[PDB]
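Quick note: numbers below take in every heavy atom, side chains included, and nothing from hydrogens, waters or symmetry partners. By convention in this document, chain letters (A, B, ...) are assigned in the order of the sequence lines, proteins followed by strands, and residues within each chain are numbered from 1. One-based numbering, in listed order, for ligands and for the atoms of each.
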2 protein chains.
Amino acid sequence: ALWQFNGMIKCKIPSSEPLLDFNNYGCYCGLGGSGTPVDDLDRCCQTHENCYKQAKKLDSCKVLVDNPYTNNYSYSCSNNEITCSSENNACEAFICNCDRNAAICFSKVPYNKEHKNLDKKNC
Amino acid sequence: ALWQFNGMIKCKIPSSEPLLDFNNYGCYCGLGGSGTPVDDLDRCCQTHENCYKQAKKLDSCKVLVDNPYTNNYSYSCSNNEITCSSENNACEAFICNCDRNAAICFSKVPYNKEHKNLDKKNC
Ligand SMILES: [Ca+2]
Ligand SMILES: [Ca+2]
């Protein structure tokens, strides 16, 4: 769920408020997204979306009435490391990995303030 | 919460249904408890209770209206290992450790069927 994702990002980037810093960044970070990613951080978001798009094409995921961001799952943050729990059933397990990969991607790429809130006439 | 505890025990003892196998075992496993533990597994439960009793004596724990078994926290089970997440605030962090220690204790002691449901006239 959105909330586990926010914590995963803070697990990796302890100094940020992910809901503020990465929201509406580029053509992909935040709600919706189109066009060509503007940078690599924007590319982490595009991949993240494709991963959620894939989750949706799984017979295991077509049971929960809730969205990937409403689909809670369990993980832990320990020594700045993310671990998706084995108690997660198939679908939750797929979403957890999608969020874990994105959180890690965010922490490995440059963040360009000059792309914050981005004029969506560039996407 | 009770539910995270059940999973922690299954994380360590993959073959059991903790709510069935360890419920009402001895003088301490299950609801309430008094007397002298009947065996070591019963002693894991007594310790577990004392840990919850300690949790209650913490200024951090006197905010949540819910019980230690209603007090959800987050952890993950990975390769039969339990990790209490750093996203847990102080109180949840204390309960998580109490449950983790008990789950591990259960998995290291003998289980005597001859103590299942135990006549509470022996406690
Ligand atoms: Ca998006
Ligand atoms: Ca008890």
Original post:
Does any N, O or S atom of A:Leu31, backbone or side chain, fall under 3.0 Å from the Ca ion (ligand 1)?
Top reply: no
**OP:** Tell me, please, if A:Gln46 has any N/O/S atom, main chain or side chain, under 3.0 Å from the Ca ion (ligand 1)?
**Re:** no
Subject >> Verdict with reasoning, A:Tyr111 to A:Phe106, per ring-ring contact (aromatic ring centres under 6.0 Å, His included) >> reply: CA-CA 8 Å; A:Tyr111 177 102; A:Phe106 284 8; 9.3 Å; no
Subject >> Main-chain N/O of A:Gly35 paired with A:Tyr28 side-chain donor or acceptor, under 3.5 Å >> reply: yes
Original post:
Can you name the closest pair of heavy atoms from B:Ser60 and B:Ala90 and give their distance?
Top reply: CB-CB, 3.8 Å
**OP:** Have a look at the Ca ion (ligand 1) and estimate, to 10 degrees, the angle subtended by O (A:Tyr28) and O (A:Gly30).
**Re:** 90°
Original post:
Of A:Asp99, A:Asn67, A:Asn71, which is the lone residue that meets side-chain hydrogen bond (donor to acceptor under 3.5 Å, both in side chains) with A:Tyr52?
Top reply: A:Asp99
Original post:
Can you name the N, O or S atom of B:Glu49 that is closest to the Ca ion (ligand 2)?
Top reply: OE2
**OP:** For the Ca ion (ligand 1), decide whether A:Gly33 has an N, O or S atom at a distance under 3.0 Å.
**Re:** no
Subject >> A:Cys29 vs A:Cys44, disulfide bond (SG atoms under 2.5 Å apart): CA-CA, chis, key distance, verdict >> reply: CA-CA 8 Å; A:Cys29 306; A:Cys44 295; over 6 Å; no
